[PDB]
*Asks:* 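First the structure, which I've put down as structure tokens, then a few questions once you've had a look.
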Amino acid sequence: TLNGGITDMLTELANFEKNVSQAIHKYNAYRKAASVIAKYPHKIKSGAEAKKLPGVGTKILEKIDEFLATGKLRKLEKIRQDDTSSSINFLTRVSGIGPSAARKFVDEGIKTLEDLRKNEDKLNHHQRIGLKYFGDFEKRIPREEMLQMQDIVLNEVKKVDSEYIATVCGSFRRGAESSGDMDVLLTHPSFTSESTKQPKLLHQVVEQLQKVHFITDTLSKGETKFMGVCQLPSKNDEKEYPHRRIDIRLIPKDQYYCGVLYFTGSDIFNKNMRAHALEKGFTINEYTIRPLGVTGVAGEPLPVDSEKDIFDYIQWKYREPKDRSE
DNA sequence: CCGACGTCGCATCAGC
DNA sequence: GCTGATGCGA
DNA sequence: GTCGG
Ligand SMILES: Nc1ccn([C@H]2C[C@H](O)[C@@H](COP(=O)(O)OP(=O)(O)C(Br)(Br)P(=O)(O)O)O2)c(=O)n1
Ligand SMILES: Nc1ccn([C@H]2C[C@H](O)[C@@H](COP(=O)(O)O)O2)c(=O)n1
Ligand SMILES: [Cl-]
Ligand SMILES: [Mg+2]
Ligand SMILES: [Mg+2]
Ligand code: NA
Ligand code: NA
Ligand code: NA
């Protein structure tokens, strides 16, 4: 990419602030700056040129000047040589190990993949599975495999109850030629903002996908959100496909458009759009868009009949899913 | 200068 | 058990 | 770390 060196450096800084410093707003600031630089259609010549972009300030401009002049950033080169920072950044790559648990493990002398496997009994369930599939979860999914996965989910869901509608969101819905995992929005007419007329609506789908050995493991599971592991079937004498993360979100059928806007993302696009809503006097979640009163208290849900209605309320021109990859 | 920064589901833990 | 953080995740 | 009042 045009500015890949700069955006990589900002991403590494973001991950430092999140995993090591536990400064969530610094993390989002670095990610927002990397995003706006990622879509800037010129090869950046200076920090001052970049500071013109929203989300790039004085400090990142200076880092950009250091990186443009030397090809590196001293702050990162020192971070890379710090053993505690190295340890924590590695452990937080296991699903279920966040900043706090990573620092606690380092305190207990658990700092490597070998240490983690030595101490499985010190892991909760999510972490145990994240460690089990550590290699697999860092692999990307070709869109072709995403299409085979889509076919299985959609047909198995239709076998449970043909009134379900399952929609693959995330980067897949944004047209990506590869995805890091599969995100499935699910609706059923028995589950609306008004009533739940049928129980186990998510569970029944999960059970069916386990029964056919597509879903292989469960990280967390509630009434509306499943987070787990899945695997494509391989052919005779074929090497197995990697295991993949899968997220399934059951959304009230009448709130599908807010739900699919949320689950299509990206995460940064959602942050930018929800921040814009607030400046416009609305708050958006995966269910509703609502006005804010002078109170600052959210009012009653506004009528929504398309993703575009959401954009219109906040005075944004519509953006197709493929233009939301911020 | 400095308050706000997106919003919420599930797992875990502490306090009663 | 309930309730309210806190952690980690979408 | 950046931004907006
Ligand atoms: N912090 C977050 C994380 C996710 N989300 C939403 C948007 C996001 O697209 C959706 C799916 O989460 P993912 O983490 O899978 O994000 P994807 O867009 O699918 C990516 Br590009 Br990171 P992939 O999973 O393909 O690697 O959930 C969010 O709103 N806020
Ligand atoms: N998971 C889904 C997907 C779509 N739908 C509904 C919302 C709209 O009425 C319509 C969307 O049609 P389309 O597939 O063109 O996006 O189907 C749903 O209720 N649940
Ligand atoms: Cl709501
Ligand atoms: Mg995804
Ligand atoms: Mg602001
Ligand atoms: Na700027
Ligand atoms: Na992690
Ligand atoms: Na996901």
Side-chain angles (χ1 to χ4, degrees), chain A residues 10 13-14 16-19 21-37 47 50-60 62-64 75 91-105 123-130 137 168-171 173 179-186 202-203 206 218-229 245-252 255 258-280 282-290 292 296 298 310 314 326:
Chain A
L10 295 177
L13 286 168
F16 175 79
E17 298 299 347
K18 178 180 180 143
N19 304 329
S21 302
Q22 307 187 242
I24 188 55
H25 300 293
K26 290 206 184 177
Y27 164 76
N28 286 332
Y30 277 121
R31 287 239 282 151
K32 173 171 172 191
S35 184
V36 77
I37 289 166
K51 192 170 180 301
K52 293 183 174 305
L53 308 172
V56 180
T58 297
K59 304 277 285 290
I60 292 185
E62 291 186 17
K63 292 175 165 54
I64 292 180
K75 178 175 171 80
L91 294 170
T92 55
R93 287 163 65 192
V94 190
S95 192
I97 305 187
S100 172
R103 196 173 276 277
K104 185 105 190 170
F105 282 131
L123 304 182
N124 70 33
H125 175 72
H126 183 154
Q127 296 162 342
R128 211 189 157 105
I129 306 304
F137 290 172
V168 181
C169 302
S171 58
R173 188 163 190 265
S179 308
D181 71 9
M182 181 179 227
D183 307 288
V184 183
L185 193 156
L186 189 69
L202 183 51
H203 178 85
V206 168
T218 295
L219 302 182
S220 64
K221 185 176 170 292
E223 296 298 319
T224 61
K225 190 169 65 72
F226 174 84
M227 177 184 313
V229 182
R245 281 273 293 102
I246 181 168
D247 293 313
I248 308 182
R249 184 67 192 271
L250 174 68
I251 296 284
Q255 303 178 322
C258 283
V260 72
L261 176 68
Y262 156 73
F263 224 22
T264 296
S266 67
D267 57 347
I268 296 165
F269 167 88
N270 286 348
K271 276 185 245 281
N272 290 343
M273 187 176 176
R274 291 183 184 189
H276 185 69
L278 290 174
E279 292 169 5
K280 284 300 184 170
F282 305 89
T283 179
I284 297 165
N285 57 24
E286 63 261 64
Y287 305 123
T288 62
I289 177 171
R290 295 169 290 174
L292 289 170
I310 307 166
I314 73 175
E326 291 176 12

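Reminder, nothing fancy here: chain letters follow the sequence lines and each chain counts from 1. Note that these values count all heavy atoms, side chains included, but never hydrogens, waters or copies made by symmetry.
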*Asks:* Mind telling me if D/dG4 is north or south by its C1'-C2'-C3'-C4' torsion?
*Replies:*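 Judging by the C1'-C2'-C3'-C4' torsion, which comes out negative, the sugar of D/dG4 sits south.
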*Asks:* Send over the distance from A/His276 NE2 to D/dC3 P, rounded to a whole Å.
*Replies:*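 Whole-Å distance recorded here is 17 Å.
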*Asks:* Please name the pair of heavy atoms, one in A/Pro54 and one in A/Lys32, separated by the smallest distance, quoted to 0.1 Å.
*Replies:*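 So the two residues come closest at O-CE, 4.2 Å.
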*Asks:* What's the CG-P distance between A/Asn270 and C/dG9, to the nearest Å?
*Replies:*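 For the pair A/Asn270 CG and C/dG9 P, the rounded distance is 18 Å.
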*Asks:* With the side chain of A/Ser95 defined as its heavy atoms from C-beta on, choose the nearest nucleotide among C/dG9, C/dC8, D/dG1.
*Replies:*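 The nucleotide sitting nearest to the side chain is C/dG9.
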*Asks:* What is the distance, to the nearest angstrom, from the CZ atom on A/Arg274 to the P atom on B/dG6?
*Replies:*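 Roughly 10 Å, once rounded to whole Å.
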*Asks:* In whole angstroms, how far is the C1' atom of D/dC3 from the CD1 atom of A/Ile60?
*Replies:*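 Atom CD1 in A/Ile60 sits about 12 Å away from atom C1' in D/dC3.
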*Asks:* Nearest to the side chain of A/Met227 - B/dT12, B/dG6, C/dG9?
*Replies:*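 For A/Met227, the side-chain atoms sit closest to C/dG9.
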*Asks:* Ring stacking, A/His25 with base of B/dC5, under 5.5 Å and under 30°?
*Replies:*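 Yes, A/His25 stacks on the base of B/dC5, since the ring centres sit under 5.5 Å apart and the planes are within 30°.
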*Asks:* Report the nucleotide, chosen from B/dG9, D/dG1, B/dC8, that has the shortest atom-to-atom distance to any side-chain atom of A/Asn285.
*Replies:*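 Given the options B/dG9, D/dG1, B/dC8, the side chain of A/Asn285 is closest to B/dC8.
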*Asks:* Check every strand shown and say whether A/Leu53 touches a base, only sugar-phosphate, or nothing at a heavy-atom separation below 4.0 Å.
*Replies:*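 Sugar-phosphate contact only - A/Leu53 comes under 4.0 Å of backbone atoms but never of a base.
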*Asks:* Under 4.0 Å, heavy atoms only, any strand: does A/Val94 hit a base, just the sugar-phosphate, or nothing?
*Replies:*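 It contacts sugar-phosphate atoms only.
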*Asks:* Tell me whether the OP1 or OP2 atom of B/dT7 has a side-chain N or O from A/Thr283 closer than 4.0 Å.
*Replies:*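 For A/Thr283, the contact criterion (side-chain N or O under 4.0 Å from OP1 or OP2 of B/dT7) is met.
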*Asks:* How close or far is atom P of B/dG9 from atom CG of A/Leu186, stated in whole angstroms?
*Replies:*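 Distance check: A/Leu186 CG to B/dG9 P gives 16 Å.
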*Asks:* Reckon A/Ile24 touches a base, only the sugar-phosphate, or nothing at all at heavy-atom distances under 4.0 Å?
*Replies:*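 No contact.
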*Asks:* Looking only at side-chain atoms of A/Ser220, point me to the closest of C/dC8, B/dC10, B/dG6.
*Replies:*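 Closest nucleotide to the A/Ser220 side chain: B/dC10.
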*Asks:* Give the rounded distance in Å between these two atoms: CG of A/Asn28 and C1' of B/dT7.
*Replies:*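 These atoms are roughly 12 Å apart.
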*Asks:* So which nucleotide from B/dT12, D/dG1, B/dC10 ends up closest to the side chain of A/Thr224?
*Replies:*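 Per side-chain heavy atoms of A/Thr224, the pick is B/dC10.
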*Asks:* Charged N to carboxylate O below 4.0 Å: is that the case for A/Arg249 and A/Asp247?
*Replies:*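 A salt bridge is absent here (no side-chain N lies under 4.0 Å from a carboxylate O).
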*Asks:* Any idea which heavy atoms bring A/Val56 and A/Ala33 closest together, and the distance?
*Replies:*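 The answer is CG2-CB, 4.1 Å.
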*Asks:* Kindly compute the distance separating NE2 (A/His276) from CG (A/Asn272), expressed to the nearest 0.5 Å.
*Replies:*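 The NE2 atom of A/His276 sits 10.5 Å away from the CG atom of A/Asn272.
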*Asks:* Restricting to non-hydrogen atoms, name the atom on A/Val94 and the atom on A/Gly130 that form the minimum distance, rounded to 0.1 Å.
*Replies:*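 The pair with the smallest heavy-atom distance is CG1-C, 3.5 Å.
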*Asks:* Considering residues at least two apart in sequence or located in another chain, which fulfil the side chain to side chain contact (heavy atoms under 4.5 Å, CB included) criterion with A/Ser266?
*Replies:*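 Scan of A/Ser266 (side chain to side chain contact (heavy atoms under 4.5 Å, CB included), adjacent residues dropped) gives A/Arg174, A/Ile268, A/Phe269, A/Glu326.
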*Asks:* Describe the nucleic acid contact of A/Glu17 in one word from base, sugar-phosphate, nothing, applying a heavy-atom distance below 4.0 Å.
*Replies:*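 Nothing, no nucleic acid heavy atom in range.
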*Asks:* Side chain of A/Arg245: nearest nucleotide among D/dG1, C/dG9, C/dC8?
*Replies:*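 Among D/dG1, C/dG9, C/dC8, the one nearest the side chain of A/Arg245 is C/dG9.
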*Asks:* Start at the 5' end of DNA chain B and walk down; is the nucleotide closest to A/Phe226 or to A/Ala275 reached first?
*Replies:*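 Between the two, 5'-proximity favours A/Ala275.
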*Asks:* Rounded to whole angstroms, how far apart are CG on A/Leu219 and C1' on C/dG7?
*Replies:*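 Spelled out: CG on A/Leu219 to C1' on C/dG7 is 15 Å.
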*Asks:* B/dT7 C1' sits how many Å from A/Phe282 CZ, rounded?
*Replies:*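 Checked: the CZ to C1' distance equals 17 Å.
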*Asks:* Counting the atoms with a prime plus P, OP1 and OP2 as sugar-phosphate, which does A/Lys32 contact under 4.0 Å by heavy atoms, base, sugar-phosphate, or nothing?
*Replies:*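 Nothing, no heavy atom under 4.0 Å.
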*Asks:* So, under a plain 3.5 Å distance rule, would you say the side chain of A/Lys271 forms a donor-acceptor pair with the base of B/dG6?
*Replies:*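 When only heavy-atom distances are counted, A/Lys271 does reach the base of B/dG6 through a donor-acceptor pair under 3.5 Å.
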*Asks:* The criterion is ring pair (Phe, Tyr, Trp, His ring centres under 6.0 Å); which residues satisfy it with A/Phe137, sequence neighbours excluded?
*Replies:*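 Only A/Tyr133 meet the ring pair (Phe, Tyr, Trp, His ring centres under 6.0 Å) criterion with A/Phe137.
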*Asks:* Quantified in whole Å, what is the P atom distance between nucleotide B/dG6 and nucleotide D/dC3?
*Replies:*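 Nearest-Å result for B/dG6 against D/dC3 at atom P: 14 Å.
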*Asks:* A/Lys225 has a side chain; which of B/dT12, B/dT7, B/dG9 sits nearest to it?
*Replies:*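 Taking heavy atoms from C-beta onward, the closest nucleotide is B/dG9.
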*Asks:* Could you check which of B/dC10, D/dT2, B/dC5 has an atom nearest any side-chain atom of A/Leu278?
*Replies:*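 Nearest nucleotide to the side chain: B/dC5.
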*Asks:* Within the structure shown, what part of the strands sits under 4.0 Å from A/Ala101 by heavy-atom distance: base, sugar-phosphate, or nothing?
*Replies:*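 Touches sugar-phosphate only.
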*Asks:* Below 4.0 angstrom from OP1 or OP2 of B/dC5, is there any side-chain N or O of A/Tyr30?
*Replies:*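 For B/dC5, OP1/OP2 do not have a side-chain N/O of A/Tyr30 under 4.0 Å.
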